[PDB]
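Report on the following structure.
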Amino acid sequence: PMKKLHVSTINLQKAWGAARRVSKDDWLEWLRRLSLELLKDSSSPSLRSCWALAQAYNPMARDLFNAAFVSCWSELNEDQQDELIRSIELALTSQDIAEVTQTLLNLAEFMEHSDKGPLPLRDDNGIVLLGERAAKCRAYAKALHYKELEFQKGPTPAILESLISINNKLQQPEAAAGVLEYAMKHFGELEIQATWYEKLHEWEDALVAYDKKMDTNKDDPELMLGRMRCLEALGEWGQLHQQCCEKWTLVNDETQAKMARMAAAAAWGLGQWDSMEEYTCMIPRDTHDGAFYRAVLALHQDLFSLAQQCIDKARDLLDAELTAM
Amino acid sequence: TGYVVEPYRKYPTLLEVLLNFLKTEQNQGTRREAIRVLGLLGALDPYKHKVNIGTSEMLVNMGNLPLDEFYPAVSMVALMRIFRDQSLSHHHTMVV
Amino acid sequence: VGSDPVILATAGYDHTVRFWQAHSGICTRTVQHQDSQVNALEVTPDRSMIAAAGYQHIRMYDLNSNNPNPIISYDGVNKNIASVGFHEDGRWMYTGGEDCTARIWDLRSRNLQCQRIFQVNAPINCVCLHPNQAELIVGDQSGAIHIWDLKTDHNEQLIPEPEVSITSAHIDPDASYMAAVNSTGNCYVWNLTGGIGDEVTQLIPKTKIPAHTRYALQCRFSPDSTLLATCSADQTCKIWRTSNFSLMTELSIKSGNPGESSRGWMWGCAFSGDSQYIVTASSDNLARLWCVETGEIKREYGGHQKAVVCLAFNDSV
Amino acid sequence: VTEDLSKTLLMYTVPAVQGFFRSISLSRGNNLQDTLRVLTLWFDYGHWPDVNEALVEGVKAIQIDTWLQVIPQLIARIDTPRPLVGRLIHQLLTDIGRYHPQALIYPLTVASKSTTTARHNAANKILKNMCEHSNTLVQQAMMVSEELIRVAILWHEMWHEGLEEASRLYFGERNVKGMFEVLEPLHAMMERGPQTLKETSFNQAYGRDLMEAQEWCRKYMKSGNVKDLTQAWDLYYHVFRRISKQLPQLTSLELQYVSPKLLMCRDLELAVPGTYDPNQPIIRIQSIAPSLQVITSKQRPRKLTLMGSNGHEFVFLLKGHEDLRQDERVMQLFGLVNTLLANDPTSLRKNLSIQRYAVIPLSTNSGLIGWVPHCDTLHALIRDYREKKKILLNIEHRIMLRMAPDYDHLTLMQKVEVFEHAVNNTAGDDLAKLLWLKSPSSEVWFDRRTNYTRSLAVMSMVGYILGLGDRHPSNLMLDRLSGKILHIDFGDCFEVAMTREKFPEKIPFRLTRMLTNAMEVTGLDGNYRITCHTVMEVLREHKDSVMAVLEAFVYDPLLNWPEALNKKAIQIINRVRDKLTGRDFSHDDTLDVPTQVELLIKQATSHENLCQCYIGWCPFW
Ligand SMILES: Nc1ncnc2c1ncn2[C@@H]1O[C@H](COP(=O)(O)OP(=O)(O)NP(=O)(O)O)[C@@H](O)[C@H]1O
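Residue numbers (the numbering used here), protein chains in the order written: chain A, 178 to 502; chain B, 10 to 105; chain C, 450 to 766; chain D, 20 to 640.
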């Protein structure tokens, strides 16, 4: 029947040339034009037929992004293949907008199944890069998959750390505990960092380790932040608010705001509304947690209009959050 | 009225459809109202949501199908997915 | 076969036995042992016959005559047999298999039926002889060493480690100490009361020896009782001093490269007439004669197509 | 003494019965455990007049629907010699027939065909008791029973097996009475006459030679000379060769020639087997697909299809020579475990539900099985993946033979060595990559793997408690859509496979290298071990109900298929109690959940135990 249409590699590389896409609108537009150009330049006649409806209907374009790319990629020369590989590397690295990065990750995952084999990215078939980007875009299942591929290629304590982080973000505490058990079995010489117990949610052990590290070394921003996170999780409002008071008196403004994010919860716990106001003021205005903290403040001063405004802003931010997850 | 949480139990799709709005339409006022509704109805336990509620085939076959036979399959699958939706007649023309 | 004072025997899964000269490492002749692989190879004190243990049967060949057929064949046992022993005069034979029964046999008669049977709870494995030749020390899969008196049936048993299969048995020529190993790789030793005709053969425990981690499956004492060599499934063997039981010796065939590792278990050992030289099996289709003091390669007996299992090695002037 | 103890038991039991009845009425649905409690008290101490009176009051008060959950136990005691207990069971079954006869007809239909005279009479009595309101249902159910017996095993397979076994009895056992007794009913199979086109075809094809051989058999009876029997067996061997050649050709069965009645059936009021629930509309049978696929297995199980009146289609497997009553009982036990895991919140979160399929035994040796869709047996999965990768299917076993061509004769440690080499030289990563490829995307794949690991843990550990055996890759299935593991054979139970002379297994369950690799990268210690901890916690917390179910198992002669049998049942129940309590390994000691789970995982993963198993068991896989 019909033959395979000849791919114009020039337009393929031109479409992938996202050198001057910056904003979210720019990247979404680039994705749209990319998918449409892929359908137009695809060798399979059926895809190029679908192109018109894709142009009239963007979800149509999205649905066949993978198949169109597969056709084009199978139609390319090895050198042109490598050039396209570099271009997609740049596209992944350029910006972590959710939609474009998710589409590219889906492309890579799709081509993993294909008999041709995954995309030969720079060194590791994209495992490192794809895992990093998937973690950035909260597509945590892909992150876990690629991190496990890293593990198969060889386990390291950093790999275990990231594996625990992903599993925790993937709401799998038992798998995380399994990773800890494996680390102890095979890496017992390595003292388990407090961050690991922090992610595993054995807050008691994390707090004990942080107390030890404090005895070794004080005034370390990471160590203090982790210890007070453990305190918040354990609900130790007293000790949390104390340490918050001293460090707030003594800590730099950026770390001060990061700490205040939950020193506000400490103030709730003890009801010290003045410290609550101080910490909330430290927290940025355009922040979901900060917005809610300012709302509860305003309602403690009975400023109902300000509380409603804070609720609206926090609900906008939470709308973004839901659209993400 | 206080008709909280029970809407999920009686009407499972009620939950999912709400989330669909956060994906479907773009008006900030409507989305904010959707968030307030979701809050008022309560953060339902995910297991309770699953109890209330109770491409893939394309990829599975792709694992077996050759590329030449693969492309028309996805083409027609997506075309017909668009086609069945009766709200897309002006698209149905290009679909046919 | 007995032309050379020193005679070496070897066997594997290829259903072919082979013979060798120790010092020169020169093959003397091959022998056919089909219908089963070779578990235990032993030479009678007279060195006129060799016994090879297989499945359901034990087959004997002659040394004085070259290219004979199986001179004797014992059958009847319903399971695999890996244990061999003879009385110093070459009259009695002692065997034991996975069928949980150890059997006595008459070599200088047509008593094709077992003289006696001794049953134990679990499958039986390699057995060894108290130098007084009136007591057998038996290892089984339950982990229970069984001391059975041939004459008065005075029977005792001891489990040193909870429910772990033990595969080894040997007692020093002086009868002063006994030793064994198990799957865990630990090595266990005991002291023997100086009673020849006392018939009680009381034992005394001795400290555990974690010789290896992998499966430790062999145990032999030197003719002079100076040394105790144990093979182990980490493709290694370790020799300990009888006087102190402190380890200064190692016999490893590890390739060094991690990918090539797991090459083949160290499957047997046999001391020279002075403890100087050790001839040991290896499931890399090989057997090797090394010097104990140096623990270095001196000879290898190649020729096998399939992995080696056991060896028989005797020294005489 | 004995009478005083009996009085003590009665005065502690009557309150027990009354309290259980009130609790059952209060629970309204999550009362399977209590239902078994009251059944235990009934079948043990029911005969005492006061206990029976309390039982009658409870039966009057209790809602009838509950009893559905335990119809299999009730009919298992249908022929109880104790007259009072039997009378009360008869009244209860009559009421159940009056209200929900669909839930009751099928096991009762079996009981009618029971060779036991007491069971036969009781079943017929109860059947005529429901007939007054369900004549059409009873007639249709009995006709289905007879016709599905006809379809399940055809005269071809009946005669193949009869001649094979009889020849074994002669040339192997020489027990004249053996073969002649075996063949006599098979001769009655034609002397009753054919009733279908396939039966008539078999008659015209072979029944002439069969009749001649039976004449020779009668000649041997009257005379006893070896000549007549020799001619009889020459004819038998001839027809045996012919039918054996035919059998591979019968790759399917058309209903029109096999059982016209089933094809004629339509718009029946009979519920689809094993799909009736009083809280749902009855799914009535209006179809029997004319085609039936026969699987090439030695038992030659048929694949049947029905159409539900609701507008949904159902598939079934139909097996003969298997006492699927044990399978039904095991499936009820798994249902009990599903209720247990749904009740405990910790397990409730993680979806530890055991996958189960409806089992409808419709004879003492033949029955039905719910066909679970989208399930690929593990052996098929591995074979398909290796064929796609062009890896030789038995590559591991081939390597094992390559070092040790006489593996089966090796001692234990030699076997361990060769097996360890075979494992090491082979990647053994087939199942993980397979679950990866079958899945559409990592998001779906992760849910599949989580469900797979948790289901494998749950069912493995429950199988250890049950003593399930021969867990070879043909008896494990993966659900493509969900990934849950599914076990599809329970012929061996209670460590029976661990005692047989032919390759006695020595592993409590299947946890081979490939399944572990299919888990997360840190396989055993993560999802699987924690899930096993939770499952043993649940099952030891409520060990009494499981013990009662397994008592219902053992005290019938099924597993042994009288004092010796009672001793064996007592020992099996004692072992199960040890498993539930922790005294399995060190009887003197009691092992906590983590300790026992770790010991089990060590035993099931240890190469020493794995190597001992049948090569066809695929321990290396
Ligand atoms: N309950 C079930 N659900 C779905 N498929 C099933 C079920 N039972 C059996 N099958 C399928 O049908 C096949 C029948 O083989 P099997 O279950 O082994 O039958 P058998 O009569 O026990 N034969 P064998 O065990 O090989 O002697 C299985 O391998 C599955 O493919």
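All residues carry an ideal CB built from backbone N, CA and C; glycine is no exception.
Which listed residue (the options) has its alpha carbon closest to that of residue i
i: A383/A; options: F364/A, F328/A, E409/A and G365/A; result: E409/A
i: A730/C; options: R669/C, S695/C, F535/C and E709/C; result: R669/C
i: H175/D; options: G601/D, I262/D and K521/D; result: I262/D
i: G488/D; options: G116/D, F509/D and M478/D; result: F509/D
i: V89/D; options: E520/D, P100/D and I108/D; result: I108/D
i: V247/A; options: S271/A, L296/A, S226/A and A501/A; result: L296/A
i: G542/D; options: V515/D, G482/D, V573/D and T472/D; result: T472/D
i: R198/A; options: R209/A, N188/A and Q433/A; result: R209/A
i: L298/A; options: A353/A, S264/A, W414/A and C249/A; result: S264/A
i: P622/C; options: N635/C, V569/C and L641/C; result: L641/C
i: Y426/D; options: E749/C, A756/C, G545/C and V576/C; result: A756/C
i: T358/D; options: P34/D, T609/D, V557/D and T113/D; result: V557/D
Continuous alpha helix (DSSP H) stretch holding residue i: start and end
i: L27/B; result: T22 to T33
i: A736/C; result: Element bounds for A736/C: not the alpha helix (DSSP H) but the beta strand (DSSP E), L735 to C740.
i: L182/A; result: Note, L182/A: premise wrong, no alpha helix (DSSP H); not H, not E.
i: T249/D; result: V245 to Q265
i: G644/C; result: Premise fails: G644/C is in no alpha helix (DSSP H) and is neither H nor E.
i: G386/D; result: Premise fails: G386/D lies in the beta strand (DSSP E), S385 to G389, not in any alpha helix (DSSP H).
Closer than 8 Å at the beta carbon, the chain D residues around residue i
i: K755/C; result: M422, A423 and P424
i: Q590/C; result: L431
i: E547/C; result: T430 and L431
Run of the beta strand (DSSP E) containing residue i, from where it starts to where it stops
i: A629/C; result: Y626 to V630
i: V481/D; result: Run containing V481/D: none in the beta strand (DSSP E); it sits in the alpha helix (DSSP H), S461 to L485.
i: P380/D; result: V378 to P380
i: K338/D; result: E332 to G339
i: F199/D; result: First-last for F199/D: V195 to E210, but that is the alpha helix (DSSP H), not the beta strand (DSSP E).
i: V758/C; result: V757 to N763
Chain B contact residues for residue i, given Cβ-Cβ distances below 9 Å
i: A268/A; result: The contacting residues do not exist; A268/A stays about 23 Å from chain B at best.
i: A229/A; result: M103
Amino acids of chain B, ordered along the chain, whose beta-carbon sits closer than 7 Å to that of residue i
i: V247/A; result: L76
i: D463/A; result: In chain order: nothing, as chain B lies at least about 15 Å away.
i: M237/A; result: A87 and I91
Partner residues on chain B for residue i, Cβ-Cβ distance less than 8 Å
i: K457/D; result: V69 and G72
i: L499/A; result: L28, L31 and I44
Beta-carbon neighbours of residue i, restricted to chain A and to distances below 7 Å
i: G502/D; result: By Cβ distance, chain A contributes nothing, its closest Cβ being about 14 Å from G502/D, past 7 Å.
i: residue 107/B; result: Outside the modelled stretch of chain B, which goes from 10 to 105, sits residue 107/B, for which no answer is possible.
Interface partners of residue i on chain D, CB under 7 Å
i: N488/C; result: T430
Could you tell me whether the segment 463 to 477 of chain C touches the segment 523 to 542 of chain C, using the rule of 3 or more Cβ pairs below 8 Å? no
What residues from the segment 463 to 489 of chain D come within 8 Å of chain B, judged by C-beta to C-beta, listed N to C? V463
For the segment 347 to 368 of chain D, enumerate the residues whose C-beta is nearer than 8 Å to any C-beta of chain B, in chain order. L367 and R368
Using Cβ-Cβ distances below 8 Å, what residues of the segment 519 to 535 of chain C are close to chain D? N529 and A531
Below 8 Å, how does it come out for the segment 90 to 102 of chain D and the segment 129 to 142 of chain D: are there three or more Cβ pairs, yes or no? yes
With 8 Å as the C-beta to C-beta threshold (strictly closer), list the residues of the segment 44 to 60 of chain B near chain A in chain order. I44 and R45
Give a yes or no on contact between the segment 42 to 56 of chain B and the segment 21 to 30 of chain B, applying the rule of three or more CB pairs nearer than 8 Å. yes
Members of the segment 494 to 519 of chain C that neighbour chain D once the beta carbon cut-off is set at 9 Å: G503, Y504 and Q505
Residues, ordered as in the chain, of the segment 353 to 372 of chain A that lie near chain B by beta-carbon distance below 7 Å: none
I want to know whether the segment 331 to 339 of chain D touches the segment 530 to 546 of chain D - three or more CB-CB distances under 8 Å. no
Is the number of C-beta pairs between the segment 655 to 673 of chain C and the segment 711 to 719 of chain C that are closer than 8 Å three or more? yes
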